[PDB]
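By convention in this document, chain letters (A, B, ...) are assigned in the order of the sequence lines, proteins followed by strands, and residues within each chain are numbered from 1.
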Amino acid sequence: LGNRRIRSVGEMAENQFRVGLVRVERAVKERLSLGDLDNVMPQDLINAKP
DNA sequence: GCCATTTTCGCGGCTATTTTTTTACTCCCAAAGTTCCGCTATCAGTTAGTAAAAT
């Protein structure tokens with residue numbers, strides 16, 4: 001039991017939330033690479049559906 | 001060219017009963033085929049009326 005670990009609700013929720021964050025980070029980087037950001041606000045960059 | 005070693009391939013019990021999942025995204029225009037409402041017109045069925053027949 002020193003080589004086996006307990007992983008509970010908080011850890012799993014954090015892992016899946018980080019997965020979603022990576023999913024949106026890819027698209028955020030892709031958009032920020034374009035350059036035309038004069039009228040771009042942060043809420044126009046983030047898609048919460050993933 | 002045969003003897004051994006590494007790599008795929010296929011397998012791992014039977015009946016029941018509780019319950020769906022989830023990202024990602026241009027626009028416009030001209031040309032063409034299809035549909036939906038309205039009207040017509042014909043035929044067949046139904047129904048009302050009247051004469052023919054029978055009591």
In whole Å, what is the span from the CZ atom of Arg18(A) to the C1' atom of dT23(B)? 17 Å
Expressed in angstrom and rounded to an integer, what is the separation of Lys29(A) atom NZ from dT23(B) atom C1'? 16 Å
Considering just the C1'-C2'-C3'-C4' torsion, please state whether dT15(B) has a north or south sugar. north
Whole-Å gap separating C1' (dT22(B)) and CG (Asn47(A)): 13 Å
Considering just the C1'-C2'-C3'-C4' torsion, please state whether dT22(B) has a north or south sugar. south
Measuring from atom CD of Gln16(A) to atom CG of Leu21(A), what distance do you get when rounded to the nearest 0.5 angstrom? 12.0 Å
If a positive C1'-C2'-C3'-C4' torsion means north (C3'-endo side) and a negative one means south (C2'-endo side), where does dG49(B) fall? south
If you define the side chain from C-beta out and look only at heavy atoms, does anything of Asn47(A) sit under 4.5 Å from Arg23(A)? no
Could you tell me how far apart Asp44(A) (CG) and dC25(B) (P) are, to the nearest whole angstrom? 14 Å
Just to confirm a value in my table: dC14(B) sugar, north or south, sign of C1'-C2'-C3'-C4'. north
Intra-strand stack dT5(B) & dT6(B), ring centres under 5.5 Å, planes under 30°: yes
Phosphate-side-chain proximity, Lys49(A) and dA24(B), N/O vs OP1/OP2 below 4.0 Å: yes
Would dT7(B) and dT8(B) count as a stacked step, six-ring centres under 5.5 angstrom and planes under 30 degrees apart? yes
Over all heavy atoms of both residues, which pair between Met12(A) and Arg7(A) is shortest? Give the atoms and the distance, please. CE-O, 3.2 Å
Shortest non-hydrogen contact between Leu37(A) and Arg31(A), atoms and distance: CD2-NH1, 3.6 Å
Minimum heavy-atom distance between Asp44(A) and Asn39(A), given as atom pair plus value: OD2-O, 4.4 Å
Interatomic distance where CD belongs to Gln16(A) and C1' belongs to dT23(B) [whole Å]: 13 Å
Expressed as a whole number of angstroms, how long is the span from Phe17(A):CZ to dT23(B):P? 17 Å
North (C3'-endo side) or south (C2'-endo side) for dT8(B) via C1'-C2'-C3'-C4': south
In whole Å, what is the span from the CD1 atom of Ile46(A) to the P atom of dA24(B)? 14 Å
Verify whether the stacking test passes for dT22(B) and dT23(B), with limits of 5.5 Å on the ring-centre separation and 30° on the angle between planes. no
